[PDB]
Structure formats: C-alpha cells, structure tokens
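We begin with a single chain expressed as structure tokens, specifically the form deposited in one PDB entry.
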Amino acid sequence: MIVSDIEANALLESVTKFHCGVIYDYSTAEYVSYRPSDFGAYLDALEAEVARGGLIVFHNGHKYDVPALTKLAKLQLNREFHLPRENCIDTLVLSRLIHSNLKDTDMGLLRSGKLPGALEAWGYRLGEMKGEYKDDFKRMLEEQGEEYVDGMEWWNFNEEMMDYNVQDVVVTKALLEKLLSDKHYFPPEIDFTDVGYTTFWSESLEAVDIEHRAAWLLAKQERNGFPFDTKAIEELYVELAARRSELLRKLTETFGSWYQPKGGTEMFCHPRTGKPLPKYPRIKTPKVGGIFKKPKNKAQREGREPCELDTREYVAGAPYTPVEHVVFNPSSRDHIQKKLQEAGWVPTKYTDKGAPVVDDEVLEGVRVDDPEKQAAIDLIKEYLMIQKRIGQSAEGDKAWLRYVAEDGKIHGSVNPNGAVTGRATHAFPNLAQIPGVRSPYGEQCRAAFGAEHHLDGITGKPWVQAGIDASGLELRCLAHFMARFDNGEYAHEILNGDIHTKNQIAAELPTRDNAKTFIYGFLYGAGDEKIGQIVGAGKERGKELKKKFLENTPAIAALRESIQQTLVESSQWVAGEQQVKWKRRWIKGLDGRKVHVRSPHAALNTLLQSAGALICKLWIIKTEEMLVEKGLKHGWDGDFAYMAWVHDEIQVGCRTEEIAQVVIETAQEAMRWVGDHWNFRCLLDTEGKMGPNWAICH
C-alpha cells in the first residue's frame, strides 16, 4: 500500500503541468519526492503498485489526482496512464462515509467558518493546504518587494510547494490510519495497510466498496458534464430581464420613493432636559461653519463692512439628521411590508425575530382597499419569482451562464455522500434544483439541459437522452420495513397502479405532485396544520387526512414505535429543545454503515431516506456496470454518458436511440438486481423515458 498526492498548475479542467509528487510506501516505510522532471518515474511508481496487486491512497484523488495524472501523462509525456478503479482509495471518500454526520469544506471551495458543527482535523488541514500555501507564497514575495499576481503560486514549481506536497502525504497517512481504526468499517484482526486490493474491498464493510465505486463513477459524470443550451438561456434571460424591468417600472410608479436616516453618529438629546432619545434617529452636529466667513480686513474684523458669506451649507452646533433617498425594491421583504402596512394591511404572522412574514402564502392572502395596490401584490409575487429564475440562470454567483464551460456543458459538482442519510449533495451549480417543467419557465429551463445539445464528435449528430427514475422509492422502502408488521400487505398494495395517483384521488388532491408532498409530509411527521397548508386547508383538514391514512395502514405506528424503542431510552424538553438520552444514536444502513440520527422524530425519515439513498447509489453503479459488460463505452467518445444523478433519477446521454433503449432497459434490470441483492421485501421498479432533453425526459 502506498500513499500519494500531487501538485499541478491548475484545476482539472485546465491543468497542463505536473509540478511534483510524493509517495509513501508502507513496505519501505519511506517517503520519496518527485520533482517536475521525475514525472515519468512518479507514474512508474504508481503502476508498479498496481502490477503488484497493491493499493494507492490519495485524498480526493478520485476527482482530482487520478484523472489529472491521466491528462498530464498524455500532454507531457504522450503516455497512456489509467490507474484501475479497484486499486484506488480516497481518504476524503472514506472520511465522508465514516464521519457522515460532519461537514467539510469540499477541499477549500467552502469557507469553513460558514459551515455548522465541527470539522475533522486532518481533513481540515488537507482542505486548507492550497490556502495556506498561497498565504506563505504571498508574504515571502512581499518580503522581497515583488508584487503578487492573481494566482501565480501555481504557475511554477518551487520548494515550498514540495514541502507542502510532503505534508499532505504525512497528514493523509495519519487520516487513513485514523479511518482504518474504526472497527465498524474495518475488522481489527486485519491490518488493511498490508493487504492486496481484493482483500481490502472484500474484508471491509460493503459500504466502503460502494462509496468508492460511487465516487469513481460520479467523478466521471462531472467530467462528462451536462450539455447546456447557452443560446436558449441567454434569450430567456433577455425575456426575464425585460419582464423584470416592466414590473419594476409599474411597481415604482405605484409605490413611491422615500427618505430614511443614514449616517448619523451622535445621539439626539432633548434640548431642554438633555435626556438622550435613543429612539430618535441618530444625528450629526457639524463642528465647523457659520453664516459668514472669517473677516479678511479692517472693517470686517471690526464689524464695519459686510463680511463674506459662507457658501458652505452647515452651521456649527446646528444639528441635522443625515438621510438617504430610497427607491422601492420589490425584492426587499422589508419594503414590501412597509408599503403594505402603509396601505392598511395588518400582519397576522411574524418571524421568530419580530419581522412580519412575507412569503407567497401571506402575499396571496393580503387585502388592501386601494385597488391599484391590491393589484400590485400580484406584480410583486411575479417579480419575486422572476428574480429566482434570473438569479439561478444568469445573475447569481452560481448562475448556469457563469458555469457553462467551453465544451458547452455544465460540470456540476457532486458530493457522493454529502447528506447525513447517505444521499449526495449537488452544487456549483446545484443541478438537483432545476425548476420543474410544471413551474413557471420550467420547460425552457429544463429543455436547456439535454443530450440534444451535444453533437457527436464524429458524425456531428445530436445525442439522445435516457431519463430513468425509481418508482415511489421511499414508500416502497416503507413497505419493506413494515412488512414484519403487516406481512408485506402494503408491499403488495403499493403495486396496484400508481401509488401517488391512488393517494391523490383518495385524498382528493388536485395534482399528483401535491399528493407526493402530502404523503411524505404525512409519513414523516407533519403536524395537522402543516398538512393542511400542504393540501390548502387548515389544521382541521389536516387531522382528517392524517387519521385516514394512518387508519388505512396502522403498521406505520408500529414501525415508528420499534425505531423509538431501539434508539431512545428517555427524552424531555428543557426550553427551546428536547434533550434526549440515547441507547444508540445511529441506524445500520442497508450496506452496514452507521447512519447518524439527528432526532427521535426524524428517525423514520432517516431510515427510509437512507435506504432509498443507498439503493439508488448501488443502482447507478450496477447500471453502469451492466452497460459496460454489454460492450457499451462510457464517454462522449463512446456510447453513453452519465450527465446527472438527482437522488432517485439519472439522466444519461446516448449516441443513438437504440442505446438509449438499452440504457433504460438495463437501468430496470439493475434496480431489480439491487432489490434482490439486499433481500428487499418490496419489489423495486424504475420508469424510463427517451427524449432530446430534460424537459421531455422527466
């Protein structure tokens, strides 16, 4: 087993030079440094470990180092280099599995101070190396008089870089050993730093194998990217911007501008009593300036001539209140609230901080006598929505337009095990929160992401898209876990036609979507009122619905009790929280991992969401594996390409309709394989759609 890390001149997208590398071999118990001209030797050392049936450990190598080396090897040495997946270990992947209850900076992309909870020390260190290196580099320069530029610390190799490269490996080695010491994932009787790769995967908890296969596959998806229609979104941006302008124009005509105090430093005090009046706006008492200027001659200084006027504008001792001119901002809940109360609106609900609540719910309910302002409310709602679309598509820091790469695709990032339950998180930009086709502007947004927007490298023919989504996944998970209480009764009923459509009807809900947000809110503990809000009624309708669905399948109560009995010993509320005494504060996931439980109440959600998450994870893995065994190649220079994984759905680009048909059929085979693999008590299914883009494939 060896531990390694590299230093290159840029992120994967544009890296073109290997600066250095370090390798720690467990067999020799020694570190070896490779400088820029030692690149070939470095690569040879990695392949020697592979040929030996050994293992290579990197910290974030799955997403960076491994692919980076393949790229650099081709550019610099015109060499083919491809470390096999089974020979690689990623301490970041391991750390995100074992310490899943914790957050991380995603390797310095997120400011540590903005994250909640604690951070694993070694990982924190590794994640901050680039930042600390840059700081070191920057001061050294300023100690030499030379200026600092953009990010010159990565343009050339230097010995500080080398030392850091070395530090990474020693820290990564410590992290590795810290993770390997967890008896839950790694059996104590085996020294995992001294076994071949086959032993490493087979002797460790299944979860370890699943996480690494997920990370390796998802890294590839990131490299593939999602074909994006830049032109269509820019045109949408224009249309949205125009609509926003018109709304602003009308709204600013309806709601006039006003002045607010701003810039005041001194406290205003009663001129008679001298009592400070904190509630009055801060003021400013100029210390210089008078009505006239200082006398510049005899009979001026002797009060005989006029004496020059002080054009200034202030007078010493004459206090005033500094103000600013503010224009109505439809995006300011504060401005909306101000103008509406000034119109007679009497706020009913406020935030747990005093401010009145101004969401779409209350806006829709607001009533004022002036018909023009009453009408302005709709304009405000539309404006707020237009902003969300504009922000997500063009103006936000994470806007799609700011992320489109040269290859005409958006390479969204994925943290394979970013959520506590085992789900992935998505960001930069979050491809898992694209507006749905049924919401305003949804179709345009959705259609902009699609295989059609990718022209084949050889024929120039647009690719086709295969969308597959697990059918009512979390409800089937529920059926599985409560089969021991109802003998698979629900597991059989759920297959009788679409479960959500069935519920929609029984609940008398408008849409199948509403039924979903209803059943899950219900299943996971929403209150009577919370349910009422979801269906559009009150706490009254809430109770009816909850009792009607709980009556239908009382086993839900049974499952909820056993989970409680298993996790909780006793609990009680102190003030604004419920202090709990735990028997065990984690659930054993489907693949054996510990799944941290945040609260006794969210427990059932932890159990079911985790199960669905691990099922889908194994699902995308087996699916790609079954395709590869069928001779299909994964890539734009091949037959298919993973473009996105959104919890229980995958969107895959295919070179032909035939392949898309096979991707869809294979996905279904893989899901059934997963179900059989974990002896699931509920049959698992998927629904697939072939089409040009995401609007049609979901």
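Start at 1 and count along the sequence shown; that's the residue number. We call the rigid core whatever largest set of C-alpha positions still superposes within 1.5 Å between the two forms.
FYI, the form deposited in another entry isn't displayed, but the following is about it.
Participant: Please find the residue from 594, 335, 103, 546 showing a Cα shift of 2 angstroms or more between the shown form and the other one, rigid core superposed.
Facilitator: Correct option: 546.
Participant: After fitting the rigid core, is the C-alpha of residue 369 off by 2 Å or more between the shown form and the other one?
Facilitator: Comparing forms between the shown form and the other one, the residue 369 CA shifts below 2 Å.
Participant: Hey, does residue 140 budge by 2 Å or more at the Cα between the shown form and the other one once the core is superposed?
Facilitator: Superposed on the core, residue 140 moves its C-alpha less than 2 Å between the shown form and the other one.
Participant: Compare the position of the CA of residue 289 between the shown form and the other one after a rigid core fit and state whether the shift reaches 2 Å.
Facilitator: After core superposition, the displacement of the residue 289 C-alpha between the shown form and the other one reaches the 2 Å mark, so yes.
Participant: Answer with closer or farther for the CA-CA spacing of residue 512 and residue 441 in that other deposited form compared to the shown form; it moves by 3 Å or more.
Facilitator: Pair moves farther apart in that other deposited form.
Participant: Taking the shown form as the reference, report whether the CA atoms of residue 482 and residue 504 lie closer or farther apart in that other deposited form; the distance changes by 3 angstroms or more.
Facilitator: Compared with the shown chain, residue 482-residue 504 is closer in that other deposited form.
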